[PDB]
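# Analysis of the macromolecular model
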Amino acid sequence: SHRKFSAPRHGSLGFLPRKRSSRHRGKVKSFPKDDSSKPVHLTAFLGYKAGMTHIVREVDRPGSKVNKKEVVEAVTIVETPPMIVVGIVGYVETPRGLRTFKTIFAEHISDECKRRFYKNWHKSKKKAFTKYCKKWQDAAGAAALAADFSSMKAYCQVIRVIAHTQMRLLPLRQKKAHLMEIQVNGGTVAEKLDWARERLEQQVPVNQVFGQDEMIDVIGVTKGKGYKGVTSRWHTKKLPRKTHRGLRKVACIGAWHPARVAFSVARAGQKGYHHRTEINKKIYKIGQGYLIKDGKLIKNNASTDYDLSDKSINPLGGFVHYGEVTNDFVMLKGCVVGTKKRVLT
Amino acid sequence: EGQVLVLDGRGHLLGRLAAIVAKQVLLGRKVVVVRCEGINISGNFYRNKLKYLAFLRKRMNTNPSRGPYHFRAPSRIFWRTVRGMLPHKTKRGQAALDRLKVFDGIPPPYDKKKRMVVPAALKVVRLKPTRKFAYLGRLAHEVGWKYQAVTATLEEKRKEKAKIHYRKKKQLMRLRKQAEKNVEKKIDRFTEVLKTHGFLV
Amino acid sequence: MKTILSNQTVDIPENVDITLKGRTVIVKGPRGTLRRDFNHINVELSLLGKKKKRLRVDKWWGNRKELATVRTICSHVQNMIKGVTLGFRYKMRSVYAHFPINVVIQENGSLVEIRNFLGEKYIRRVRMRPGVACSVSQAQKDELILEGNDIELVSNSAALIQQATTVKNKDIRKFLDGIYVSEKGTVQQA
RNA sequence: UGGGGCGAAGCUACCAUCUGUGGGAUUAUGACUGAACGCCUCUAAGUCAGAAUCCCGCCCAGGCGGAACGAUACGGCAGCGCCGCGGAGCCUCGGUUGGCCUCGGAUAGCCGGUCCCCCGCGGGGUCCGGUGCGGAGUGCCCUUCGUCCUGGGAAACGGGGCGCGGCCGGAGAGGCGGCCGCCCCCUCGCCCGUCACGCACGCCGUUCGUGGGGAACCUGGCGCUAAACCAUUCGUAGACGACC
RNA sequence: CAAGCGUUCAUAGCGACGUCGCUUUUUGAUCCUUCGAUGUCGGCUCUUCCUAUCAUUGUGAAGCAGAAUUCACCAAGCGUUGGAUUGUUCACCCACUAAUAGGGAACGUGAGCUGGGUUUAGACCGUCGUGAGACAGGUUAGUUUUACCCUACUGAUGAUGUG
RNA sequence: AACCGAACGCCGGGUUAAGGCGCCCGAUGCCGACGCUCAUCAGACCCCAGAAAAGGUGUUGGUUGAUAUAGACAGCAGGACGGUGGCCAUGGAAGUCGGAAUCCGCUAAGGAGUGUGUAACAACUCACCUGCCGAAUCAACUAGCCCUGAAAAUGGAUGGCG
Ligand SMILES: [Mg+2]
Ligand SMILES: [Mg+2]
Ligand SMILES: [Mg+2]
Ligand SMILES: [Mg+2]
Ligand SMILES: [Mg+2]
Ligand SMILES: [Mg+2]
Ligand SMILES: [Mg+2]
Ligand SMILES: [Mg+2]
Ligand SMILES: [Mg+2]
Ligand SMILES: [Mg+2]
Ligand SMILES: [Mg+2]
Ligand SMILES: [Mg+2]
Ligand SMILES: [Mg+2]
Ligand SMILES: [Mg+2]
Ligand SMILES: [Mg+2]
Ligand SMILES: [Mg+2]
Ligand SMILES: [Mg+2]
């Protein structure tokens, strides 16, 4: 017999191998469509979550009840010091998918970047990238990187730029940088390459990638919550106070005919630590780190022109539960996925 | 015959071909069907789309990741149809399928090999000219390929290339024929003995 | 019953020069050149008349339903000839009670721009097909002129704006407004 | 948890806050051209518009599915990768010339040649001339298959030394070609003489792709010179396991 | 099919006398399976499917001017609520809306619950019985097991393969 | 189970029944006949495992009746009148809500009317009859093949593949 009294399902399936994520720096899954006409830019970056705050903006939505009123918007602040480009990488299109030719990273490399290779390192001899580098100065420094780029010019189509974060600058206890390919959505390969050629080894800050008031999408991993019963996980009903064996459950899993519990019935399971792509968040402010020309500029952070104090976004006693944001943040409308200190793509 | 087979899927009939492939796979002969986008089907476009979409609804309710795999690439689609004509539960049937091999477009090694055509699965022969149809390419697209565009642009790139070879090969034959005439009185009593027992007339 | 033969000759004028690539007829006269493929219909197109006087379409081992088509090819060919000699002109007269349908062509032909049909704020836009030169008439009040060589192309394009202009959730017995075709003719008449 | 105010941290609530994103095929339907059916016709051959549909895209998982590139065990005893070229021996098998290429049309094609014309040795065009139950035919082409003698003719610079360096071209999942110097060596396809090769005394797995695939060990040259896991710590995570 | 209604007019909408079907959400027949007993009514929760479309998208109808409305097509994409009474399924009313469509899955779902009703043993009235006692005639009290085992599913380690 | 053939010591060869013969899967890897149909739900075998009245110029055959070089059919042009507010009905019905009826002239041919519609006309149209064209045309039945009628619940079965 039918359900007497209809209702929506509890919690979407288009979402549902609700497992502990296999990765942790939010992997970008789709890089925007490179229209070959507009200039070369990077399409992504890699900040990290600090904390949050009361922003007060004047509004300009003619028609609304709040035209020209003050409102407070809750905002995150994403600590985003500049990212170093180490290596470039070329993808060719195929019937079978999108295979990768030729990864080439720089002479030099870094040391934080090294970290994101050999698991336990104080044990290691730190040998990574020691015979690669040797190529950035000889006769075979002209073969396998020159004939190579010529190759990546010829046959290749889509070019990303491997870039490692500067972990050192942060208050995190972490020293292990966050490498990621960031696609270049430029105009034409070669132009989209004699450029990455040039930005090897080189600082890349947030004001290249991003503009203040661009809608962006944040890609990161949900804040962890352990095993949860069905009522916390799938957010179901509770059964009444009477029930002999547990009231934080689902009564009926299935009909004693499709003789399997289904796909799509509510269950106990890992909640949180899930990968998630949140979209279309606004940038309220692109920041600037407190740098020196004489004696600090803490001012150049939270000092809007309509108040002109000398604040840093750092509240009194840090962003509780990591620390002080000492370089370029981006201030994002509302809340973003993930806990504090979290790598946020 | 012996050795590896290469069949050029274009202009064939999806299952009519696959029955012939599958017979020879079971006789130990290695077949390689190529260019499966080109493979075509009797009945009008939509008919077989509608018939495919019927497939896609067939799906193991209690978990679908177990349930039937409705592969979308024509290679894969055809494989399926060949496979249904093998006894693939058993060891000889899986050992059979391994002798098969199937591509969308026409790849390395197989660009570079001459390649054959089953007239008894060939559309112009098997069908009437006043009847309608799908290309498994377009069918495959509207069902969830991602790679009709790519395997187009690559095949156009291959065609342009292959044309060069065809033209250079064309130019060697013109040399052969001119060099027969430029030496036809010290091979004029060998060519004799050719044309006498049939060869070369 | 299969009919051994059916055929038809199109009488081609002295102006035009058709030249058929196998089955594909191309036609060039004064106005321009048209092309069309009968790579479906399956017939034998001969150009028997010397100097150049006859297209003859055969059909040959054909049953009833393909015998039909002898005459249809024969038509799209006359219909080309009239197009490349004379050229067609569909006129379409806007119609109303009240809100003046307010047309404005906007590259050359191409964009036919329609404010105010029935007080509607949404400005309907309509593309023409290639080779179809729309233009607002004169010597008459609410009246477009769609000029082109190709019937096929000229009459989708009539119909596109004739159909873009349709009322909804009313009596279309009563609400007799929109733009619609009044006169299918030619540019030059002879 | 003696009681109760207030209460950081942490969980957590349309009880606070933030964010929910795009294409394609077309149904019904509406249409264009237009046949049957010397008219009319949404259709018989052709087209067009068309959605909470369907499929896809963003989104989530990620294969007895692949990618790229890092480093490759100094040693106190180690063990290997190449490269080449050397000697035995478990085993697991299938095979027993190759074919090195257009595109597609099918009530049509193939090729030649352009005198002529346009484009980038090529491509396109036009004219003519041949083939088209196809003879620069997958009914297809090629290459040979007992050995060497030597002493004529026909044929004469062909081939070789894992002969040796350089420049190409080829990337869809290349794995292959191609094209140039120099050393030494050899003189082979077809006719013929002319002799020869254990002639095993009618007998079977004969012949090769075979320096197969893989698993164990005897020579030289050049390079090499760890990471992983545990323990510890941390928590970004928690049952334990897993992870940062 | 079709006699009629519909001012007129068969067939916008309807439609008699007849007649051809489906459907298994109604009850019957039947007695094929189970009596070394498959938990026997309702409610809650939770999935999924069907369409026999109540809403909404796109459409064709009307006796469609608008407004409002019914007929029908693709169509099952997302909807179908809060209560008073009632063991109830079933009902009726208030209320909201956009709708308050209809159904299936062992008459979906007792090692999910509850146990209100059925349907033990205690009891009470009605009637019948001479009586023990009977009564789809009323009424109040009445123990609701066991998961560790294979499976499905949800997560979690992992696995041969890639030196 | 129960249909069809066929009744079974254990084997080699040959041969068959009922069945089959793209491939699963043995056999058509006949240069097999002659047909019919294209299904936006095809069809595809005695039980047995699906449909009906009823539809259906979807196409193919008949059957019968028609029409016509005195030149039809179809197409484009002209008339479609008068005797005549004919009679009943008046509420209007002069051809026309309805009916008895109910025929002549001009004839060419025009029904005292098929309809639109009009309160009634008109105005329009249709029978009838002409003008223009050139040879086959039309109607009712009846069958063959397909289309519709045709709507169900874990996903989906000519056996599957096709
Ligand atoms: Mg429901
Ligand atoms: Mg209890
Ligand atoms: Mg209305
Ligand atoms: Mg569309
Ligand atoms: Mg249509
Ligand atoms: Mg369209
Ligand atoms: Mg009546
Ligand atoms: Mg039991
Ligand atoms: Mg329906
Ligand atoms: Mg209640
Ligand atoms: Mg039940
Ligand atoms: Mg129980
Ligand atoms: Mg149960
Ligand atoms: Mg009780
Ligand atoms: Mg009792
Ligand atoms: Mg008493
Ligand atoms: Mg008594």
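Look up: the structure comes first, before these words.
About the cut-offs
- Residues numbered from 1 in each chain as written, not as in the entry; some residues may be left out.
- Chains lettered and ligands numbered in written order.
- Part of a larger assembly, values for the part shown.
- Heavy atoms only, no water.
- Helix = DSSP H or I, 4+ residues; strand = E, 2+ residues; numbered from the N terminus.
- Buried < 20%, exposed > 50% of the residue type's maximum accessible area, 1.4 Å probe, protein only.
- Contact = heavy atoms within 4.5 Å.
- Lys, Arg positive; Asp, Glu negative; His and termini not counted.
- Charge placed at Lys NZ, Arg CZ, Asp CG, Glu CD.
- Axes fitted to C-alpha atoms, helices over the stretch in contact; angles between N-to-C directions.
- Parallel < 35°, antiparallel > 145°, perpendicular 65-115°, else oblique.
- Left-handed = near helix turned anticlockwise from the far one by under 90°.
- Nonpolar A, V, L, I, M, F, W, Y, C, P; charged D, E, K, R; others polar.
- Pairing = 2+ DSSP bridges.
- Near = heavy atom within 4 Å.
- Polar contact = N/O pair within 3.5 Å; in protein donor to acceptor, adjacent residues only side chain to side chain.

### Considering the overall build of chain C
- Within chain C, the regular secondary structure consists of two helices and 15 strands.
- Its C-alpha atoms put chain C at 60 × 40 × 25 Å along the principal axes.
- Within chain C, buried positions represent 38% of all 190 residues.
- Sequence-distant contacts, at least 24 apart, represent 58% of the contacts inside chain C between residues at least 6 apart.
- Across chain C, the 33 positively charged side chains and the 18 negatively charged ones have centroids separated by 3 Å.

### Digging into the packing of helix α2 (residues 45–57) of chain B against helix α6 (residues 136–144) of chain B
Residues and elements named next belong to chain B.
- Where α2 contacts α6, the two axes come as close as 10 Å, and the packing angle between them is 45°. With respect to α6, the element α2 is oriented oblique. In the packing of α2 onto α6, the handedness of the crossing is right-handed. Of α6, the residues touching α2 (which contributes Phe 45, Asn 48, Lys 49, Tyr 52 and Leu 56) are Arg 138, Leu 139, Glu 142 and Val 143.
- Counted by class, the contact of α2 with α6 contains five nonpolar, one polar and three charged residues.

### Side note on the sheet that holds strand β9 (residues 88–95) of chain C
Residues and elements named next belong to chain C.
- If you trace the four strands from one edge of the open sheet to the other, you get β13-β14-β9-β15, paired in antiparallel fashion. Sheet topology places β13 (133–136) and β15 (178–186) at the edges, where each strand pairs with a single neighbour. Across the sheet, the axes of successive neighbouring strands diverge by a mean angle of 25°, strand direction being ignored.
- Across six bridges, the pairing between β9 and strand β14 (residues 143–148) is antiparallel. For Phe 88, the partnering residue across the bridge sits in β14 and is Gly 148.
- Where helix α2 (residues 151–164) meets the sheet, its contacts fall on β9, β14 and β15, and the angle it forms with β9 comes to roughly 5°.

### Here we look at the protein's contact with RNA strand F
- Every one of the 25 residues lining RNA strand F counts as a neighbour, but B:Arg47, B:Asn61, B:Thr81, B:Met85 and B:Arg131 are closest to it.
- When atoms of RNA strand F within 4 Å of the protein are split into backbone and base, the sugar-phosphate part holds 61%.
- In the environment of RNA strand F, a sugar or linking oxygen lies 3.2 Å from a nitrogen or oxygen atom belonging to the side chain of B:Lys58.
- Within the residue set of the surface near RNA strand F, elements represented by two or more residues are α1 (14–25) and α2 of chain B together with α1 (64–85) of chain C.
- Across the surface near RNA strand F, the residue classes break down as nine nonpolar, five polar and eleven charged.

### Overview of the protein's contact with RNA strand D
- Inspection of the region around RNA strand D gives 126 residues, with A:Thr103, B:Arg35, B:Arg158, C:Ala68 and C:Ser155 positioned closest.
- When atoms of RNA strand D within 4 Å of the protein are sorted by moiety, sugar and phosphate together comprise 80%.
- One nitrogen or oxygen atom from the side chain of A:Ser22 is found 3.4 Å from a phosphate oxygen belonging to RNA strand D.
- B:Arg10 has a polar side-chain atom sitting 3.3 Å from a sugar or linking oxygen of RNA strand D.
- At the level of secondary structure, the elements contributing two or more residues to the surface near RNA strand D comprise β4 (100–105) and β11 (275–286) of chain A, α2, α6 and α7 (148–181) of chain B together with α1 and α2 of chain C.
- The element that contributes the greatest number of residues to the surface near RNA strand D is α7(B), accounting for 15 residues.

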